[PDB]
Every structure is written in structure tokens, then in C-alpha cells.
Ligand SMILES: CC(=O)c1cc(-c2ccccn2)c2cc(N3CCOCC3)ccn12
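In the deposited numbering, the protein residues as written are 1856 to 1971.
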């Protein structure tokens, strides 16, 4: 509360650590469905069904331009890429499998870096 804080966490490396994490996502073999915005002209249903499209290049533009105020906001956009993927793709498809694989990959790094 007012004049009563928890001990200050060093948050000065978070930008760099999120960039590193995102670079590891971008270069994974199964990232290809997520690297660019889905082409809303070319994919029927996407625009109406997916209320908040998201992708790695958009995440990278946001991060590099100071648009995440904190860690939580960066991890919300990352998860949204996979939440979207699940909403739109069957689990038993190449892209649905990529999505599951990339979330797992993300969450491990996310825990190793900021939890453990
Ligand atoms: C993320 C997602 O749902 C997605 C990502 C792709 C994609 C990204 C890069 C290159 C090729 N495909 C894609 C492609 C889709 N289609 C391919 C063309 O036929 C219509 C469906 C449907 C959904 N998607």
C-alpha cells in the first residue's frame, strides 16, 4: 500500500531476456505458421472468428518499439498466438501440432528464465 512496498525486483534485463526468448521461438523449426500475420484475404473465417490476431513479427515490432509495459503483457501476446491456433486448427493437423509444440517450448523457457 502507500509507502509500503515489497523488495524491488531487478527488471532491467527483462527486455533483453524476452527478445532472446522470442528469437528462440522465431528460429524453431515449427515456427513457420506463426512468423507472419495470417493473411486475412487468403484464409476464410479467420477475420470473423479470431478477434485478436497475433504473430511473432507483430510481437517483435511491439517489443522493439516499447509497446509492452511489463513481462505479463509480453507473455499474454505470446499465449494469444497459441490460443488462436487452437481456436482455428484441429489438434491433429500440422499447424495444430506446431501450436502445441511452440507453447510447450515457450512455457519452459518462460519458467526457466523468470520463475526458476
Ligand atoms: C496460424 C494459422 O492458423 C495458420 C498459419 C498458416 C500458414 C502460415 C505460413 C505459411 C503457410 N501457412 C496457415 C495457413 C492456412 N491455410 C493455408 C492455405 O489454405 C487455406 C488454409 C490456415 C491457417 N494457417
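Just so it is clear, CB atoms sit at the ideal spot from N, CA and C, and this is done for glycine as well.
| Item | Value |
| --- | --- |
| Beta-carbon spacing of residue 1888, residue 1953 below 8 Å | yes |
| Closer than 7 Å: residue 1893 CB and nearest ligand 1 heavy atom | yes |
| Start-to-end residues for the alpha helix (DSSP H) that takes in residue 1960 | 1949 to 1965 |
| Neighbourhood of residue 1942 by C-beta distance below 8 Å, restricted to the same chain and skipping five residues each side | 1904, 1905 |
| Residues near residue 1912 in its chain [Cβ-Cβ closer than 8 Å; skip 5 each side] | 1890, 1891, 1892 |
| Whole-number beta carbon distance between residue 1876 and residue 1959, since they are thought to touch under 8 Å | About 14 Å; that fails the 8 Å criterion. |
| Residues near residue 1902 by beta carbon distance below 7 Å, same chain, minus five either side | 1895 |
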